[PDB]
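1. Starting from these lines, generate the structure:
(6 chains)
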Amino acid sequence: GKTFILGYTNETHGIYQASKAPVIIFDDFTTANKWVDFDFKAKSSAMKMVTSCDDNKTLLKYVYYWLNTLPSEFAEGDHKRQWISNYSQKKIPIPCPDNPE
Amino acid sequence: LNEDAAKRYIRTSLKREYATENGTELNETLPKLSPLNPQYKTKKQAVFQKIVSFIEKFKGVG
Amino acid sequence: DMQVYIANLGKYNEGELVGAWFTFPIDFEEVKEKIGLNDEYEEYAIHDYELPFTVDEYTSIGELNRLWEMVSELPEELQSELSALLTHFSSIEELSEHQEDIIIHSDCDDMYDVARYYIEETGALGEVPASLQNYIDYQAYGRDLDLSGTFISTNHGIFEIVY
Amino acid sequence: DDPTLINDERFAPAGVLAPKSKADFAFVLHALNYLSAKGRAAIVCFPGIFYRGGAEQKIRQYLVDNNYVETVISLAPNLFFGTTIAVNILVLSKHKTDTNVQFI
Amino acid sequence: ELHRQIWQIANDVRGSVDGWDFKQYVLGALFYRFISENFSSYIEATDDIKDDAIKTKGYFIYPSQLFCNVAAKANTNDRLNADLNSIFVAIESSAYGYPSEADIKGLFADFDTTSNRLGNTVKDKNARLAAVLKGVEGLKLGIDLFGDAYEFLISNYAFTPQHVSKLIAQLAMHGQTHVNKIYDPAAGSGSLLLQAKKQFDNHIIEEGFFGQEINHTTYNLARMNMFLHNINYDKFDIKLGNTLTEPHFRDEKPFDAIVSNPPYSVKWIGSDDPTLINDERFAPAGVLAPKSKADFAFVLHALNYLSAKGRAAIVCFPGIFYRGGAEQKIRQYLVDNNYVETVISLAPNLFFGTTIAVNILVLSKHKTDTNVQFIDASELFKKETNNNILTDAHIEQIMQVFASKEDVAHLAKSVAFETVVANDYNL
Amino acid sequence: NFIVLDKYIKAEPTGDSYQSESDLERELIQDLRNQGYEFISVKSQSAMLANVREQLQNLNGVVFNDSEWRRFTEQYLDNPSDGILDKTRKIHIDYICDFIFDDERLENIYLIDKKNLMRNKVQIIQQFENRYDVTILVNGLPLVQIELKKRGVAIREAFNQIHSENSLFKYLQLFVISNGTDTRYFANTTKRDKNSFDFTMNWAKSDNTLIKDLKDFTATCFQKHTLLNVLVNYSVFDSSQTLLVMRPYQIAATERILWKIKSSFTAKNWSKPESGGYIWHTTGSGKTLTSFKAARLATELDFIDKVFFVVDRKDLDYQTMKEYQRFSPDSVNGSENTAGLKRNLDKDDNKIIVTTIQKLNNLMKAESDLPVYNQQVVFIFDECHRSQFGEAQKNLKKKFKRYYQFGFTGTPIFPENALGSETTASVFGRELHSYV
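-> Residues are numbered from 1 along each chain as shown, chains lettered A, B, ... in the order given. And now the structure:
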């Protein structure tokens, strides 16, 4: 929803501290909200991380934008449900064969 | 005769205007050691009769 | 600690039965020279053991060295409760397929606290008004989380096998 | 597995028993026990009996391995006195086409 | 260390049923240990510890007149638990009836009846309460910090927390080296009465910590609660009964400090069936309290038993605010004289098994006259779960402004009497 | 001394030809009154309950009125809502009522005194109001029902013929069926084919001398200590629920074991190769049951502190433990390791410990002078000195001394089959009791 509740101290609590721009998922049963990690923030209880192995083709704010290329199947959260394989497999249109030029 | 607890007994005898076998902290005011099992009235009933004669003497006056 | 008493197929009568303790990994030849033979190669009578799981008396030693890799791969909170995970799964290989799906509540200890975690901390159902925050049933929601998913309760925390 | 229910008349073709607190596919195996070569079963389920580990995956595997299961039906929550969650309806038959109309 | 042995209690008693069933057995065994250790430390205060049945009837009567429980020669916990793991169960079922011999004087007794035999079979009962007594033996208590474990074990999840009780005590206690103290209607436990002698062993004992309580199973744990804290015996009582329908003591006396914690709006069908419209205490109000809101009946009962010197400190749910004219005229009679002095707001929740806040009325037959409606919403450290804890030197600010009628903003102040009769008597 | 006899007593026919149903009754009453019993006359049902509130007085030493006896009669002893199973459980498990007097003190009313069983007073009655019945009635309650037949009713059809009011005859534990020539006994299991004469029991002497007639059977088994020990200390109310009665060779072997313990403790013996002993009961026995009664009567015997029934694991520490959990309440695991087994050696009141010999060697080859050393410890092996002379045993002779090392064998390594190991010449010494 709103990605801002009040202040906490970001040290000595097993912190992930949000390095240079991965994205996240919310939630159990919600499966809709995404965020760019803004500067350096927490991992608060549901921020399961989606990021990239590859680092010369992706620029994963591109695929952050390309989550809005799939609100088609990601609009109907109906039953009690988790969609791990759905984002885990496929698909996305990609400008490959331009890797990584 | 423990003097602070003697003052305590004086104040309770002024408030009650009598005394009895109760007043359950009666043993540690007695001077050195009377909690023991072979109790030979040392000096339990003697000081008890002293203080009841005292409150008979100063009954209302003092 | 994670060991066996493996001797011997020779001496079926077991007159002064031998072969004491071997941790992992296991050589064939070192154990065979430790325990001797019956003039041929028939050994590994798995009589006694001490393992987090269950193994039969005819298991080959190569399968034991195979299983020990997957057992020692896991963290200690999994290794402390491998039989409890085996009450839902069927093998250590199948546990190794889904070894990241298991969510561990070290903080939560019972279903009331699991419901209170999913509601108050996460906000899985949404925002919680403060005047509503005390007037929310957790026991019925805990029962329906029990009957919806699959939760297992141990000494440490609560193991949640998610799909 | 305390009695001979791994080698009984009805749970043995499944290859395993239902787990220790989820009785529902034990009911559907008991259901497919008492059915001829002509009739059809129509039972209900809570929708949660979906994958629930390999112990339930192999029961679903044995159901789809033959042409036992035919049609599932979803219904809307709540629809019930005294619950919250939805339901599903399994329609089983020893009767072949074979395809699974998952009519929701 | 304190929390070491507190954690020993919190683990080493919980087996294997609901806590409100083995509550009685664990607390009875702990109470039996305290009777044993207290009577042994009495008779051995010269080192004839291992006793014998030669007990001296002329000396046997003297603690029965003094401590009121002469245990036995050899029925103490020190002897019963070394010679334990043996048939049978009801040695202690006799050895509870024998320390309740005690017919003279001031029994305060018939008391250990909560411990029973169930259980399903008698050898299972033997093994289980043998394990209970052995676990009581396995505690590192020595010699004087005994009742802390009792106050911890009575605090279970299911009770009037110690800092709020300390606040109620400190409000009713300043500038008063007088007598008697202290009365309590609906005491519940002996918790909120106990913070007097937590401080007031200093000058002198004054009189007995009086009290009256309704529920008999709570009455037993209350009578042992202020027994374990080394408190003397003769007047230090609680009488069983309801305070509204069966009031005592009317005869003795107008007090000089009272505290309470009444439950929220218990029902009582009294109005107006007896002569409580023309009784000794409800008649100056002009009406009785309504049919399910008992709380101002408690505060009228409170202002009944108070002298021309002392002061009342009671609590209320904050809802007793206007609630129609039947409550408006009670508030009118309270403010019509100079009865009420201050009210204090506290933050929600601050309680077990409750949601709403509280208020605290401080009443006095003592005049200035103005109503310092001294509030607090924070702090009130209500952060740590659940509302743990208004710490020390934190209620000292609350007592500090309470001292002489000060007027500090971001916080409350005095009002005018004409302003509060201009408004419709709020809180 | 013993229960199963060692000397053949004189058995003579005193005919009284056994084609009758009353002469053997008279002979049986004569023999039991020769054995110091008491025959009263109750041709009713209520006066039998009047016997209970007088015979129980001597056993408990306290006095009921009628009003306490109402409560004790209707709440505990003679519940109408109970059958045979819970009443048998009251005989063997819940035999004490924590009764509250009208004087308000809790006292423990017994039914059968099990520690000092000489106080348990017996009586004899016969039928009243079916076939002919004699009843040995212990402490007011009817316990043993002798049922008599003739020669025309054969021993197989003797049981097969016949399988509130009265409810008091549901306390019957045994049914000693006899005719005049053969005599068999059993407990409350009433099937046709399976609970025929095969599941019933021929009472016998020590080794193999079976007993058939009545007079010899009465001279052997119906002694006070003998029959009360058969009722009390040698019957297991299994949580099937089923009452199981031991075989006579089982009882004889258990008695030789426990008397060897009792004679060795009084003459300060331990760690001797003649202080042990061994049993050969091959199969068809329920060696679980014999070993369980040996260990259970060892634990209460107060001379000792620990009992290790210890085997070598090839799915035995799961199997026999499951047997001892069948005999429901109490037996402590040696599962699963040598860390927590030490916790089991710390714990008490459940002194039977079932571990493996490998965990014991893992404990004994290390861990530096364990503090459970000086206590009196009884080992019960399997694969005994007639099956091994193992390296664990010489580790034991190194470390422990205050042990009574007994064992069982299935097939003994005799000199006749000495292919595997040695004989028993310096490990357990003498053989104690056998069956073949």
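
2. Contacts only, for the residue lying closest to residue F:84 once chain neighbours are set aside.
-> Nearest non-adjacent residue to residue F:84, counting by C-beta to C-beta, 6 or more residues apart in numbering or on different chains: residue F:170, 5.0 Å away. No exception for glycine: its C-beta is placed from N, CA and C like everyone else's. Neighbour list for residue F:170: F:82-84, F:87 [criterion: C-beta atoms under 8 Å, 6 or more residues apart in numbering or on different chains].

3. ditto for residue F:370
-> When contacts are counted by C-beta under 8 Å, 6+ apart, residue F:370 touches F:342, F:345, F:363.

4. if we can go back for a sec, now that we have the contacts of residue F:170, which one has the most neighbours?
-> Using other C-beta atoms under 10 Å in any protein chain shown as the neighbour criterion, residue F:87 leads those with 19 neighbours.

5. list the contacts for that one?
-> With contact taken as C-beta under 8 Å, 6+ apart, residue F:87 is in contact with F:170-171.

6. for it, helix, strand, or coil?
-> helix (DSSP: H, G, I helix; E, B strand; the rest coil).

7. If we ignore the residues flanking it in sequence, what's nearest the spatially most central residue of chain C?
-> Nearest to the mean C-alpha position of chain C, by C-alpha atoms, centre = their mean, lies residue C:82 at 0.9 Å. In this structure, residue C:82 finds its nearest non-sequential neighbour in residue C:52, 4.2 Å apart by C-beta to C-beta, 6+ apart.

8. Under a three-state scheme, what state does residue D:91 occupy?
-> Assignment for residue D:91 (three-state DSSP): strand.

9. Identify the residue nearest it in space, chain neighbours excluded?
-> In this structure, residue D:91 finds its nearest non-sequential neighbour in residue D:71, 4.1 Å apart by C-beta to C-beta, 6+ apart.

10. starting at the chain centroid, how far to whichever helix or strand that neighbour is part of?
-> Counting by DSSP states H and E, the element that carries residue D:71 is strand D:69-75. Chain-centre distance of strand D:69-75: 10 Å, with C-alpha atoms, centre = their mean, to the nearest Å.

11. Counting by contacts, list what it packs against.
-> Under the contact definition 3 or more C-beta pairs under 8 Å, 6 or more residues apart in numbering or on different chains; DSSP states H and E, strand D:69-75 sits against strand D:87-93.

12. do that again at 10 Å, thanks
-> Applying 3 or more C-beta pairs under 10 Å, 6 or more residues apart in numbering or on different chains; DSSP states H and E, we find strand D:69-75 packed against strand D:40-45, helix D:54-65, strand D:87-93.

13. buried sites along it?
-> D:69-72 (16 or more other C-beta atoms under 10 Å in any protein chain shown).

14. Using PDB, list the CA coordinates for stretch C:59-72.
-> Taking Å, rounded to 0.1, in the frame of the first residue of the first chain, the C-alpha atoms of stretch C:59-72 are listed here in PDB:
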ATOM      1  CA  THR C  59      21.300 -50.500   3.400                       C
ATOM      2  CA  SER C  60      24.400 -50.100   1.400                       C
ATOM      3  CA  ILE C  61      27.100 -47.900   2.800                       C
ATOM      4  CA  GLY C  62      27.200 -45.800  -0.400                       C
ATOM      5  CA  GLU C  63      23.600 -44.900   0.200                       C
ATOM      6  CA  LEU C  64      24.500 -43.800   3.700                       C
ATOM      7  CA  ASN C  65      27.300 -41.600   2.300                       C
ATOM      8  CA  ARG C  66      24.700 -40.300  -0.200                       C
ATOM      9  CA  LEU C  67      22.200 -39.400   2.500                       C
ATOM     10  CA  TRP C  68      24.800 -37.900   4.800                       C
ATOM     11  CA  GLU C  69      25.600 -35.100   2.200                       C
ATOM     12  CA  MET C  70      22.000 -34.000   2.100                       C
ATOM     13  CA  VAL C  71      21.600 -34.200   5.800                       C
ATOM     14  CA  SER C  72      24.800 -32.200   6.500                       C
END
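
15. contact partners of that stretch?
-> Here stretch C:59-72 makes contact (C-beta atoms under 10 Å, 6 or more residues apart in numbering or on different chains) with C:2, C:4, C:6, C:22-28, C:31, C:43-44, C:46, C:49, C:51-53, C:55-56, C:78-79, C:82, C:91-93, C:95-96, C:99.

16. Looking at the residues you listed, which are in strands?
-> Counted as lying in strands by DSSP state E, out of the contacts of stretch C:59-72, are C:4, C:6, C:46, C:49.

17. Quick one: residues contacting the closest residue to the second one other than its chain neighbours.
-> Counting by C-beta to C-beta, 6+ apart, residue C:6 lies nearest to residue C:44, which is 4.9 Å off, once chain neighbours are set aside. Each residue near residue C:44 by C-beta under 10 Å, 6+ apart is listed here: C:4, C:6-9, C:19, C:22, C:26, C:28, C:31-32, C:35, C:57-62, C:64.

18. I figured residue B:44 hits residue B:33, correct?
-> No: in this structure residue B:44 lies outside contact range of residue B:33 using C-beta atoms under 10 Å: 11.7 Å.

19. any residues in contact with both of the two?
-> Joint contacts of residue B:44 and residue B:33 (C-beta under 10 Å, 6+ apart) are residue B:27.

20. Spit out the contact partners of the closest residue to chain D within chain B.
-> Nearest residue of chain B to chain D, counting by C-beta to the nearest C-beta: residue B:24, 59.7 Å away. Residue B:24 makes contacts with E:63, E:65-68, E:106, E:231-236, as judged by C-beta under 10 Å, 6+ apart.

21. let's go with 7 Å and repeat that
-> E:66-67, E:232-234 (C-beta atoms under 7 Å, 6 or more residues apart in numbering or on different chains).

22. got it, and residue F:60?
-> Taking C-beta under 7 Å, 6+ apart, one finds F:109-110 in contact with residue F:60.

23. What's the separation between it and chain C?
-> From residue F:60 over to chain C the distance is 47 Å, taken as C-beta to the nearest C-beta, to the nearest Å.

24. tell me the centre residue of chain B?
-> Nearest to the mean C-alpha position of chain B, by C-alpha atoms, centre = their mean, lies residue B:48 at 5.2 Å.

25. backbone phi and psi for that one, please?
-> Per-residue torsions, residue B:48: phi -60, psi -40 (degrees, to the nearest 10).

26. So what's the residue count around the residue of chain D found nearest chain F?
-> Of all residues in chain D, residue D:2 sits closest to chain F, at 10.9 Å by C-beta to the nearest C-beta. When neighbours are defined as other C-beta under 10 Å, residue D:2 has 4 of them.

27. Repeat that for residue D:20.
-> The local packing of residue D:20 (other C-beta under 10 Å) involves 9 other residues.

28. Nearest residue to it in space, ignoring adjacent ones along the chain?
-> residue C:87 (7.2 Å).

29. picking up where we left off before, give me the buried subset of the contacts of stretch C:59-72.
-> The neighbour-count test (16+ other C-beta under 10 Å) marks C:4, C:6, C:22, C:24, C:26, C:31, C:43-44, C:46, C:49, C:51-52, C:78, C:82, C:92, C:95 as buried among the contacts of stretch C:59-72.
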